[PDB]
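Given as structure tokens, the chain that follows is alone and in the form deposited in one PDB entry.
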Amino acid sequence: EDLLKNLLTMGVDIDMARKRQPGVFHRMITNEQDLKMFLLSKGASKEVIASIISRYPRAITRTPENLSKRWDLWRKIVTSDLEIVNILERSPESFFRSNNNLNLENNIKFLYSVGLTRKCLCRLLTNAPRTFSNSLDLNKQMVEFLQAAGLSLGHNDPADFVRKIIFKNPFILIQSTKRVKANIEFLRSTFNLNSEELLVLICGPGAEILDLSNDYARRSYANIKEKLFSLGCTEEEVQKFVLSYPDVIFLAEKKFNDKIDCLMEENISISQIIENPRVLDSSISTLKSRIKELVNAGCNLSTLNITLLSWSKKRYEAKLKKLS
């Protein structure tokens, strides 16, 4: 009876919560009060708590014992309570979507057995907390898939390919094997692509391509190809460009296009752009801002070394002063 009343004083968005997990509002007993006190005990603010419950109401059905034990387990990896509060504020999901603290502990044990340092586990938990609410079996499937993928390519020891991939791509363990697989084949088919260069790309600059949802990478590449084609770039140039800078794939089509256009409207050549791909790191606002200042000075941009467009504020602002 008191549920809807307490949720209110807690400042919970009751309507949003009702829509997310209706079943929680039909339970006879709930522990919203204990949860609030528990989360307060560990630094969480009243607003954070309200936000947490609004998003994952089932949170209020956990007991003081489970909560405390789960938290303790996380503290085997994360060095402070505050670090755990921030993770839960980001997404309540990993912490609250399971009450199975045995599975959690097995996940921790299994990851250690994979050869991962506690520092790495901390990295995994902080970046991809949801790794730890996966079933052990799900985490096993991915690790196996990765070993199998490692040796199916030219890797001297798969067990170490796994750890490299996990370090560069903390999110790898919260992707389906279907998704990752599709992204590897995309890369393999689309480009060259010998195993040795595939490995490097995968454990390096192109690591997060493997986390890309279905058809997103193929579609992004096809737009890049078209856009660059219409601009007089050959296929080999496009390939070279994307491989020298796979981050470009993460941009939305319109953003990529808009960014190319905003540069070339100031008469920077497409050749200048793709030979200095990092200029594509700066936002359209930042590029426009700097382009104004540069042309606002003696600069012609057509013959200027445009690398500065993507330099840190400090280094850019310095070069700009000198330029006057």
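Numbering starts at 1 and follows the sequence shown. Between two forms, the rigid core is the largest collection of C-alphas that superpose within 1.5 Å.
Between the two ranges 61-69 and 294-302, the one averaging a larger CA B factor in the entry:
Stretch with the higher mean C-alpha B-factor: 294-302.
Going by the mean C-alpha B-factor recorded in the entry, which is higher: 148-156 or 113-121?
Mean C-alpha B-factor is greater for 148-156.
In the PDB entry, which of 29, 274, 49, 260 has its C-alpha at the highest B-factor?
If I rank 29, 274, 49, 260 by C-alpha B-factor, first place goes to 29.
According to the PDB entry, is the CA B factor of residue 89 in the bottom, middle or top third of its chain, that is, lowest, middle or highest?
As the PDB entry reports it, the C-alpha B-factor of residue 89 lands in the lowest third of its chain.
Relative to the other modelled residues in the chain, which third contains the C-alpha temperature factor of residue 288: lowest, middle or highest?
CA B-factor rank for residue 288: highest third.
Sorting by Cα B-factor within the chain, modelled residues only, which third would residue 167 end up in: lowest, middle or highest?
Middle third.
Using only modelled residues of the chain, where does the Cα B factor of residue 199 rank: lowest third, middle third or highest third?
Tercile = highest for this residue's CA B-factor.
Modelled-residue ranking by C-alpha temperature factor, third containing residue 99
According to the entry, residue 99 has a C-alpha B-factor in the chain's highest third.
There is another form of the same protein, the form deposited in another entry; it is not shown, and what comes next is about it.
With a threshold of 2 Å on the C-alpha, tell me if residue 72 counts as moved between the shown form and the other one once the core is superposed.
Residue 72 C-alpha, core-superposed: shift of 2 Å or more.
Is there a C-alpha shift of 2 Å or more at residue 157 between the shown form and the other one once the rigid core is superposed?
Superposed on the core, residue 157 moves its C-alpha 2 Å or more between the shown form and the other one.
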